[PDB]
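What follows is the residue order along each chain.
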Amino acid sequence: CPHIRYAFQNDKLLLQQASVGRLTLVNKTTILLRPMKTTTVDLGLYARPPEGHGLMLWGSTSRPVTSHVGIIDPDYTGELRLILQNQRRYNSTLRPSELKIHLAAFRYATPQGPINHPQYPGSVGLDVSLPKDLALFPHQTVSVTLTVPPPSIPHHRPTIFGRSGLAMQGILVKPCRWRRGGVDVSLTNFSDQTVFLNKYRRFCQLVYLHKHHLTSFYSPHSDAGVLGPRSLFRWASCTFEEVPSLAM
Ligand SMILES: O=c1ccn([C@H]2C[C@H](O)[C@@H](COP(=O)(O)O)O2)c(=O)[nH]1
């Protein structure tokens, strides 16, 4: 893997380390999560993955807070943000050091409804459409099955991730592998309002990760937070290169 070029400037976050292909930031100040509302951390982080790769952005905490897992497109030159939701019905705080924020690369592939190309080219994921109307009540999870197999790509593995638009509205998708038998996709509404998602609405994205990026082995090179403990995410072995001019 060629270098991941990045810029980072944010007095409220500490760069812990950029090691073995993963950059990790930690919060230096208390982050308040109001209940029933989205909390968005503006990271002051900018990054460009090498050829053939996308970037994975995720948060880790032992507190009752769930973060959106972000898929970062190769063409994205804006600021990276972490989107957080509160699991509780009262204020939850992330005290200093309680939130870790990770960025790492992965190889992906692209096949040529319900699986759709986004209208902007070299994007990592393909939009997946809802097969039925769903009503998502506050602080509840709703699941839906996708049964028809996606195209098979040699040496790659279809996965499902959420998108940031619904995440901002309080709706998170739990990332998961789309195995041959079908996938049950779970949507959780962390807001106080009922969200009605209609049949055919895009509700998640399909990403083909190179098979090397999924492992059962725990190590400083993998993380169970992303897609869960069965399918550990093992990022590409890239080097981070600071390029200050990327900061906007
Ligand atoms: O958690 C995230 C997810 C995405 N993005 C940026 C990079 C993506 O290329 C772009 C669009 O994301 P989606 O709307 O496809 O999720 O927003 C973030 O900053 N944080």
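Residues numbered from 1 in each chain as written, not as in the entry; some residues may be left out. Heavy atoms only, no water. Residues with missing side-chain atoms left out of burial classes, pairs and counts.

A few words on the environment of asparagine 91. Examined against the element boundaries, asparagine 91 turns out to sit in the loop between β9 (80–86) and β10 (92–94). Taking the C-alpha atoms as reference points, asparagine 91 and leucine 32, separated by 59 residues in sequence, lie 7.0 Å from one another. In this view, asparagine 91 contacts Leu32, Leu33, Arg34, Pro35 and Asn86; residues no more than four positions away in its chain are not counted. (Helix = DSSP H or I, 4+ residues; strand = E, 2+ residues; numbered from the N terminus. Contact = heavy atoms within 4.5 Å.)

Take the sheet that holds strand β15 (residues 140–146) next. Judged by pairing direction, the sheet is antiparallel, and its three strands sit side by side in the order β15-β19-β17 without closing on themselves. Of all strands in the sheet, those with a lone pairing partner are β15 and β17 (171–173), marking the two edges. Neighbour-to-neighbour, the strand axes of the sheet open up by a mean angle of 25 degrees, direction not taken into account. Judged from the three bridges that link them, β17 and strand β19 (residues 183–189) form a sheet pairing that is antiparallel. By the bridge assignment for β19, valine 173 is matched with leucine 187. (Pairing = 2+ DSSP bridges. Axes fitted to C-alpha atoms, helices over the stretch in contact; angles between N-to-C directions.)

The assigned domain composition of the protein is domain 1 (1–109 + 211–248) and domain 2 (110–210). Between the C-alpha centres of domain 1 and domain 2 there is a distance of 20 Å. For the pair domain 1 and domain 2, the two sides together bury roughly 2,700 Å², of which 64% comes from carbon and sulfur. Of all residues in domain 1, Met36, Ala109 and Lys211 give up the largest surface area on contact with domain 2, accounting jointly for 25% of the area buried on that side. Linking domain 1 with domain 2 are zero salt bridges, by the criterion used here. (Domains from an automatic or database assignment. Buried area = accessible area lost by both parts, 1.4 Å probe. Salt bridge = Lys/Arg side-chain N within 4 Å of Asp/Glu carboxyl O.)

Near the ligand, the surroundings consist of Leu57, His68, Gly70, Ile71, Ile72, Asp73, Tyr76, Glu79, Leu80, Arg81, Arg163 and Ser164. Within the contact set of the ligand, an oxygen atom lies 2.8 Å away from a side-chain nitrogen or oxygen of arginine 163. Between the ligand and the protein, one listed contact pairs an oxygen atom with a side-chain N or O atom of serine 164 at 2.8 Å. Burial of the ligand by the protein chains amounts to 85% of its free accessible area of 440 Å². At the level of secondary structure, the elements contributing two or more residues to the shell around the ligand comprise β8 (70–72) and β9. Split into classes, the residues belonging to the shell around the ligand amount to five nonpolar, three polar and four charged. (Near = heavy atom within 4 Å. Polar contact = N/O pair within 3.5 Å; in protein donor to acceptor, adjacent residues only side chain to side chain. Areas by Shrake-Rupley, 256 points an atom, 1.4 Å probe, with all protein chains shown as cover. Nonpolar A, V, L, I, M, F, W, Y, C, P; charged D, E, K, R; others polar.)

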